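A.B. asks: Dropping a structure here in structure tokens format, bear with me for questions.
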Amino acid sequence: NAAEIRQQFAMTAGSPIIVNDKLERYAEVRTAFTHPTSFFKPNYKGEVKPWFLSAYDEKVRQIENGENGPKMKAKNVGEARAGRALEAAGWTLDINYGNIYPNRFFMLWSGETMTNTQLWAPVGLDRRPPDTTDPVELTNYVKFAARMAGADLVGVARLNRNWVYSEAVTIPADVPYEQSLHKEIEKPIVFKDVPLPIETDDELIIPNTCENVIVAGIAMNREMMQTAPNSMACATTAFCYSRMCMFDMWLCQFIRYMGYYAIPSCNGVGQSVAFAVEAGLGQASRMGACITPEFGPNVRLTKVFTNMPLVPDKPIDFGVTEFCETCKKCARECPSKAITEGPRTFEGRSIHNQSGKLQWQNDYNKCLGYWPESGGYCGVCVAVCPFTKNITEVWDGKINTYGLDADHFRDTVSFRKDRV
Amino acid sequence: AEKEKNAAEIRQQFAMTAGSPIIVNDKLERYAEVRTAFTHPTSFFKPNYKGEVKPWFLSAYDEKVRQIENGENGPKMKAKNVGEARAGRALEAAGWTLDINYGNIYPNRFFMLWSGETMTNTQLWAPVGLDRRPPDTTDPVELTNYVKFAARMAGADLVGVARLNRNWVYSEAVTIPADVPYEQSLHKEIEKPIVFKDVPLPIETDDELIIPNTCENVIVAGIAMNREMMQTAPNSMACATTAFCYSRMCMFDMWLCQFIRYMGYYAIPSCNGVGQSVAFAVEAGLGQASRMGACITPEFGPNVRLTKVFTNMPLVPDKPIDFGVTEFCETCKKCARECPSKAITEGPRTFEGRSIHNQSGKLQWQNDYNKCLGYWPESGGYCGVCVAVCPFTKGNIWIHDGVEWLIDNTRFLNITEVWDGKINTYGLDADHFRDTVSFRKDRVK
Ligand code: SF4
Ligand code: SF4
Ligand code: SF4
Ligand code: SF4
């Protein structure tokens with residue numbers, strides 16, 4: 001009974017993230033995916049390329065050699081091909097591995113130009129003032145909508161601006177997709193007294209009225225993630241990124257048609273793990289992920305920012321911090337030794353970490369370096385974590401819609417009493 | 001003791017020998033898509049509640065607005081308050097986010113591209129060459145297992161394979177010229193023939209949509225709707241589960257087409273376009289046709305949406321299923337009695353279409369689909385009362401008698417609570433989700 005467990009472990013109100021007076025908002029360019037010190041990696045031939053192009057070279061090499069992963073023979077070349085075809089297809093509704101550019105492509109900050117909004121314009125739902133301002137009813141409505149939109153977990157928190165990127169990585173508005181990767185730029189995210197989210201030439205402007213963040217958990221497939229670092233773990237990762245994108249769009253449209261505004265984000269705008277912890281989805285862990293009672297860390301996160309009045313959820317403590325202090329299994333299994341075996345500190349290990357918050361400090365350039373080597377997105381830490389509990393057998397074995405598991409799907413049933 | 005329900009056993013018990021179960025005669029011709037009630041000039045226009053004659057969906061918009069202002073969730077159906085009325089229409093409208101003009105029917109436009117070459121995902125992945133490398137698997141048995149696994153990842157609750165029967169492919173599609181932007185699309189619709197020719201890849205010219213003669217197979221997906229919400233038909237929450245499933249259909253088509261392309265084959269998406277989904281679903285064994293005209297499945301009854309993808313990927317066709325729907329529909333008639341427009345016949349099946357909207361030459365129950373569409377502006381939604389009242393839509397129809405499975409004949413003798421009630425991811429129901437579990441023996445024999 002997940003509803004039992006979650007109420008049993010509810011904390012009193014208040015962000016559980018411990019900060020000091022040195023904490024500053026973090027520039028998105030500093031992540032290992034984007035920072036110039038980490039973006040380039042060698043491929044297996046010794047050629048230095050953007051990390052994902054070197055990883056592509058390893059995927060091709062593996063298919064040619066009939067492998068599903070590094071030193072992991074597939075049943076045959078056909079099976080190797082199928083795993084990479086499934087992975088590539090999963091990313092269909094995602095731009096450049098994460099949808100990070102705000103107010104571009106799928107991540108529009110206004111619904112006005114969307115084909116769906118245009119078709120529905122005669123009804124005027126996005127221009128009519130709200131008919132409901134009660135946060136209790138709105139919380140029930142928007143959480144119901146979030147489940148329809150594909151969230152397996154949903155939570156609400158007040159927006160902590162500490163976790164919003166100081167500056168986003170984006171592209172100029174008129175740059176076509178084919179030039180996007182070569183024309184990424186940095187752009188400040190600022191808060192101002194304005195009626196609606198708006199982007200100028202100089203700034204991404206979030207209204208000061210943007211009170212709340214809605215955080216969704218999108219469950220990955222257990223059998224597929226257990227093949228990490230091989231291709232089927234890459235495929236469940238990929239499919240869930242497209243599920244994230246559809247969730248954001250559906251939910252933003254619902255909120256707009258209720259008379260409020262909504263900012264989608266997927267992997268952009270801010271740090272999902274921090275939002276997820278403050279919204280009570282789970283607890284932060286040694287590997288750096290939000291660990292949930294239902295899925296452990298084997299769940300993806302996305303979030304939507306809104307002025308819709310809502311009731312914040314309570315943070316939860318089910319003992320993850322104390323379990324991680326003695327466990328260290330992810331740190332021992334990590335192929336790049338990226339994950340620390342030491343205690344939590346306020347001091348980042350490198351430019352990629354945000355200093356000023358008490359956390360396990362991991363070396364995320366070491367992690368990214370393993371991705372071209374293995375030809376994937378690893379995930380071994382997620383796979384081995386106790387809270388999460390060959391490839392031919394996966395393809396021949398159990399599956400169900402969206403990779404969900406009917407042995408556990410009852411755990412995410414929801415009634416009004418657990419929504420608000 | 002009660003035998004634990006087993007959807008795979010049920011499908012195995014009622015499997016037929018190979019062969020299209022649809023009975024046809026010499027009158028059969030391919031059907032021009034413009035003839036559907038949504039598009040034909042005789043049915044496209046409907047009065048609104050003030051008597052003004054408009055495109056059907058604009059007259060229905062007028063009724064949605066009227067209901068919200070009057071605090072109603074449907075025709076004569078009072079909501080708890082105006083905010084609840086508003087919330088149901090906001091959910092319905094949002095559900096349609098990934099669907100163009102109520103069904104994604106224009107082929108090779110917007111989401112329904114016939115080639116992946118211009119897609120942002122294909123461009124990002126181009127260095128791997130998955131869409132240019134020849135197939136590494138040509139064995140239909142392994143391909144069927146691979147593609148059905150992918151189909152489940154892509155959100156299908158049911159998946160089946162049939163050889164493509166061109167009788168159900170539209171003779172001419174409804175589409176728009178390639179230079180027309182979205183905001184003009186509804187004013188610029190045209191017809192364009194769908195033809196089969198000896199070409200290597202699906203291709204569109206100025207004059208024709210060309211499907212290769214190598215396009216052997218159709219993959220049909222069932223996308224389950226939510227039972228609690230459909231039971232509110234014809235009110236707004238039934239409209240919302242309908243809408244959300246159309247966007248699920250779109251995601252399914254794009255995901256699966258990309259998988260098939262990255263396996264070295266071509267793939268044509270369709271959603272509500274290209275051809276007649278119910279006929280493909282019957283031939284792929286998802287279910288049986290019914291009095292209301294829908295495909296009734298063992299797992300969901302007719303409370304399931306359909307989409308399909310066409311491909312040259314070698315595959316193993318599934319067997320059709322006969323679990324007695326025809327004989328139950330012969331005596332049931334509940335959808336005909338409850339239909340608010342009297343669109344559904346109470347008579348026998350014939351080969352003769354009731355009107356231009358029906359394709360003559362196939363043995364089916366002939367329904368008046370102009371009457372159906374006429375109730376949509378009146379009710380401000382997409383009705384669905386027939387789906388809601390069908391006994392097969394109940395979750396509880398199957399019983400085991402110690403020897404075999406059978407249908408319980410006894411089954412044939414508000415919105416606030418929905419918003420406050422049970423829900424789960426994508427509106428799926430964990431009490432029944434085990435019914436769609438799949439292993440290799442389910443996917444290919
Ligand atoms: S994804 Fe792999 S390399 Fe990265 S931290 Fe986890 S185990 Fe280590
Ligand atoms: S593997 Fe152990 S130490 Fe690492 S995150 Fe999981 S519980 Fe914590
Ligand atoms: S309501 Fe009765 S007659 Fe109509 S489709 Fe269902 S079983 Fe057939
Ligand atoms: S949708 Fe409604 S009007 Fe149309 S056939 Fe079904 S019950 Fe009749």
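Chain labels run A, B, ... following the order of the structure tokens; each chain numbers its residues from 1, and ligands are numbered from 1 in the order shown.
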Can you pull out every residue with an atom within 10 Å of ligand 2? Use only C-alpha atoms and all ligand atoms and format it as a JSON list (two decimals) with C-alpha atoms, in the first residue's frame.

C.D. replies:
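Printed below is out.json as written:
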[["chain", "number", "residue", "atom", "x", "y", "z"],
["A", 283, "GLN", "CA", 14.63, 11.55, -1.06],
["A", 284, "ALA", "CA", 18.04, 12.48, -2.46],
["A", 285, "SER", "CA", 20.59, 9.67, -2.51],
["A", 286, "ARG", "CA", 24.32, 8.93, -2.73],
["A", 287, "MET", "CA", 24.17, 8.55, -6.51],
["A", 288, "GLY", "CA", 22.54, 11.99, -6.76],
["A", 289, "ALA", "CA", 19.09, 10.81, -7.83],
["A", 290, "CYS", "CA", 15.70, 11.19, -6.18],
["A", 291, "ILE", "CA", 14.82, 7.78, -4.72],
["A", 296, "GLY", "CA", 13.56, 3.72, -6.15],
["A", 297, "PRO", "CA", 15.64, 5.87, -8.50],
["A", 319, "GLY", "CA", 15.24, 6.55, 5.73],
["A", 320, "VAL", "CA", 17.13, 6.92, 2.45],
["A", 321, "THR", "CA", 19.81, 9.20, 3.88],
["A", 322, "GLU", "CA", 20.69, 6.69, 6.60],
["A", 323, "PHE", "CA", 20.59, 3.73, 4.20],
["A", 324, "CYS", "CA", 22.90, 5.51, 1.75],
["A", 325, "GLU", "CA", 25.39, 6.37, 4.51],
["A", 326, "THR", "CA", 26.33, 2.70, 4.88],
["A", 327, "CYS", "CA", 25.31, 1.18, 1.51],
["A", 328, "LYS", "CA", 27.82, 2.51, -1.10],
["A", 329, "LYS", "CA", 26.75, -0.15, -3.67],
["A", 330, "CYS", "CA", 26.32, 2.34, -6.52],
["A", 331, "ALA", "CA", 29.75, 3.80, -5.72],
["A", 332, "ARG", "CA", 31.38, 0.37, -5.86],
["A", 333, "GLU", "CA", 29.66, -0.66, -9.12],
["A", 334, "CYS", "CA", 30.10, 2.64, -10.99],
["A", 339, "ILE", "CA", 30.13, 8.40, -7.23],
["A", 340, "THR", "CA", 31.71, 9.28, -3.88],
["A", 341, "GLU", "CA", 32.10, 6.85, -1.01],
["A", 360, "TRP", "CA", 26.89, 13.65, -1.84],
["A", 380, "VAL", "CA", 24.45, 1.02, -13.65],
["A", 381, "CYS", "CA", 23.92, 3.01, -10.44],
["A", 382, "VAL", "CA", 20.14, 3.00, -10.93],
["A", 383, "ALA", "CA", 20.21, -0.69, -11.85],
["A", 384, "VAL", "CA", 22.14, -1.87, -8.76],
["A", 385, "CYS", "CA", 20.43, 0.32, -6.15],
["A", 386, "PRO", "CA", 18.49, -1.83, -3.65],
["A", 387, "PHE", "CA", 15.60, 0.65, -3.86],
["A", 388, "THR", "CA", 15.14, -0.17, -7.56]]

A.B. asks: Tell me, as number ranges by chain, which residues lie within 7 Å of residue 271 in chain A, counting only C-alpha atoms; anything in the same chain fewer than 3 positions away does not count.

C.D. replies: A: 163-164, 274-275

A.B. asks: Between CA of residue 370 in chain A and CA of residue 122 in chain B, what is the distance in Å, rounded to a tenth?

C.D. replies: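 We find that CA of residue 370 in chain A and CA of residue 122 in chain B lie 24.4 Å from each other.
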
A.B. asks: List all protein, DNA and RNA residues that have at least one atom no more than 8 Å from any atom of ligand 3, counting only C-alpha atoms and all ligand atoms, and write them as an MDAnalysis selection string.

C.D. replies: chainID B and resid 290:294 296 301:302 325:326 328:336 386:387 389:393 412

A.B. asks: As a quick test: using only C-alpha atoms and all ligand atoms, which residues lie no more than 9 Å away from ligand 4? Give them as a PyMOL selection string.

C.D. replies: chain B and resi 233-234+292-293+335-344+367-376+382-389

A.B. asks: Do a neighbour search on residue 119 in chain B at 12 Å with only C-alpha atoms, toss out local chain neighbours closer than 2 positions, and write the hits as a compact mmCIF listing (two decimals) with N, CA and C atoms, in the first residue's frame.

C.D. replies:
# COMPACT_ATOMS: atom_id res chain seq x y z
N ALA A 89 14.39 5.27 -31.67
CA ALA A 89 12.98 5.60 -31.81
C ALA A 89 12.41 6.22 -30.54
N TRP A 91 13.44 8.40 -28.52
CA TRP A 91 13.72 9.84 -28.47
C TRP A 91 12.86 10.69 -29.42
N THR A 92 11.84 10.11 -30.07
CA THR A 92 11.14 10.81 -31.16
C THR A 92 10.61 12.18 -30.74
N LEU A 93 10.06 12.31 -29.52
CA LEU A 93 9.47 13.56 -29.05
C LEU A 93 10.41 14.34 -28.14
N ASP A 94 11.72 14.29 -28.40
CA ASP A 94 12.70 14.97 -27.56
C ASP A 94 13.73 15.65 -28.45
N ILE A 95 14.10 16.88 -28.11
CA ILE A 95 15.07 17.66 -28.89
C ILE A 95 16.44 17.58 -28.22
N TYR A 177 16.33 23.92 -36.69
CA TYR A 177 16.83 22.78 -35.94
C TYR A 177 18.20 22.33 -36.43
N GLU A 178 18.40 22.29 -37.75
CA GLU A 178 19.64 21.72 -38.29
C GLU A 178 20.88 22.50 -37.85
N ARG B 109 1.37 14.84 -43.69
CA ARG B 109 1.35 16.21 -43.17
C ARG B 109 1.53 16.16 -41.66
N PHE B 110 2.14 17.22 -41.12
CA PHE B 110 2.26 17.45 -39.68
C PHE B 110 2.90 16.24 -38.98
N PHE B 111 2.14 15.51 -38.16
CA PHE B 111 2.70 14.36 -37.46
C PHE B 111 2.75 13.10 -38.31
N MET B 112 1.98 13.05 -39.40
CA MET B 112 1.79 11.81 -40.16
C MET B 112 2.76 11.70 -41.33
N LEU B 113 4.04 12.00 -41.12
CA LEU B 113 4.97 11.99 -42.24
C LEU B 113 5.22 10.56 -42.72
N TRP B 114 5.27 10.39 -44.05
CA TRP B 114 5.49 9.09 -44.67
C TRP B 114 6.96 8.72 -44.78
N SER B 115 7.85 9.68 -44.59
CA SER B 115 9.27 9.43 -44.44
C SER B 115 9.74 10.07 -43.15
N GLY B 116 10.71 9.44 -42.49
CA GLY B 116 11.28 10.08 -41.33
C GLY B 116 12.37 11.10 -41.59
N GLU B 117 12.75 11.33 -42.86
CA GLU B 117 13.99 12.04 -43.16
C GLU B 117 14.05 13.44 -42.54
N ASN B 121 14.21 13.98 -34.72
CA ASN B 121 14.85 12.79 -34.18
C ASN B 121 15.72 12.11 -35.23
N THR B 122 15.22 11.99 -36.46
CA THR B 122 16.01 11.34 -37.52
C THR B 122 17.28 12.12 -37.81
N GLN B 123 17.17 13.45 -37.88
CA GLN B 123 18.35 14.29 -38.08
C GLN B 123 19.38 14.10 -36.98
N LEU B 124 18.93 14.06 -35.72
CA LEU B 124 19.86 13.92 -34.60
C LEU B 124 20.62 12.60 -34.68
N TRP B 125 19.94 11.54 -35.10
CA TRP B 125 20.49 10.19 -35.15
C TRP B 125 21.15 9.85 -36.48
N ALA B 126 21.13 10.75 -37.45
CA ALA B 126 21.63 10.43 -38.78
C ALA B 126 23.04 9.82 -38.80
N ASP B 131 18.61 4.38 -40.44
CA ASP B 131 17.57 4.44 -41.45
C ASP B 131 18.11 4.24 -42.86
N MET B 254 4.14 7.60 -34.43
CA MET B 254 5.46 8.17 -34.70
C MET B 254 6.56 7.30 -34.11
N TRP B 255 6.39 6.87 -32.85
CA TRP B 255 7.36 5.97 -32.23
C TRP B 255 7.56 4.71 -33.07
N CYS B 257 6.72 3.99 -36.26
CA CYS B 257 7.28 4.23 -37.59
C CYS B 257 8.78 4.43 -37.49
N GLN B 258 9.23 5.18 -36.49
CA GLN B 258 10.66 5.41 -36.34
C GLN B 258 11.39 4.11 -36.04
